[PDB]
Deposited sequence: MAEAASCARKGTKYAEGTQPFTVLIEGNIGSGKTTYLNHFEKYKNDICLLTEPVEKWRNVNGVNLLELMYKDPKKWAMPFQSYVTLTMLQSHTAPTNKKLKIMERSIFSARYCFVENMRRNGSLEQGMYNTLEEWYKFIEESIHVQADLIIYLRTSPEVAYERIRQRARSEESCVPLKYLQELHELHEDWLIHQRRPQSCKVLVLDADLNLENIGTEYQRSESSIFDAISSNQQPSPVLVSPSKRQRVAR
């Protein structure tokens, strides 16, 4: 009896690299609140963890905060994935899968997450996928280019994620590809 069983409608997962136009995209539903369950990335919760900004800390010193920060992202992704709703359609920005398969994995490859820290996160993920139901019917992949994405970031009045190397976006891009492209229903869209 996985927490949040028969209480989740058709769920759409909006995926994409950093600066792939996920925010602008989901805004089209901003006027469908009255009919659909629209859940944007819990970025605000990550900026206000009872006073601490884990998002800002992780970028200013990964090797020290990637672990706690990623552990919190997971929890917020879980709360959304299992949150109760009356609507018959749920649209989520990002998900527990991308945080795991892309962001955590990336941080392991580039050294931000040491062995013990990564393992701890993986153990939590394994338990979750065995004792919790994650409704993921459709996946909307906003495929982009590391370069294009890098530009869209530099353009906006960014804050925390503004100082990210192009290489970071390249490694992230590849992970999304390996997961959403090179092996459920995934609808790729040319987000350019």
Unmodelled ranges, which are counted on the deposited sequence from position 1 and given in order: 1-11, 195-199, 209-250
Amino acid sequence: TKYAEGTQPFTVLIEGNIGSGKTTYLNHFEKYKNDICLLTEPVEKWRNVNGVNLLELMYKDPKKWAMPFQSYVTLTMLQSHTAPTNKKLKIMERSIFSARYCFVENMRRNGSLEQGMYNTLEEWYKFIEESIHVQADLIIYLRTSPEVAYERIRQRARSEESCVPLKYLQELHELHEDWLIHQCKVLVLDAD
From here on, numbers count along this sequence of modelled residues.
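We call the rigid core whatever largest set of C-alpha positions still superposes within 1.5 Å between the two forms.
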Higher-deviation stretch (C-alpha RMS, rigid core fit) in 6 other deposited structures of this protein, choosing from 135-143 and 57-65: 57-65
At least a third of the other entries leave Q183 unmodelled: yes
Coordinates lacking for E161, a third or more of other entries: yes
Stretch with the greater mean C-alpha B-factor as recorded in the entry, comparing 38-46 against 149-157: 149-157
Mean Cα B-factor comparison, 128-136 or 58-66, giving the higher one as deposited: 128-136
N17, C-alpha B-factor rank within chain (lowest, middle or highest third): lowest
Third of the chain's Cα B-factor distribution that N119 belongs to, per the entry: lowest
For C163, the third of its chain into which the C-alpha B factor falls: highest
Modelled-residue ranking by C-alpha temperature factor, third containing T82: middle
Chain third (lowest, middle, highest) by recorded CA B-factor, residue given as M92: middle
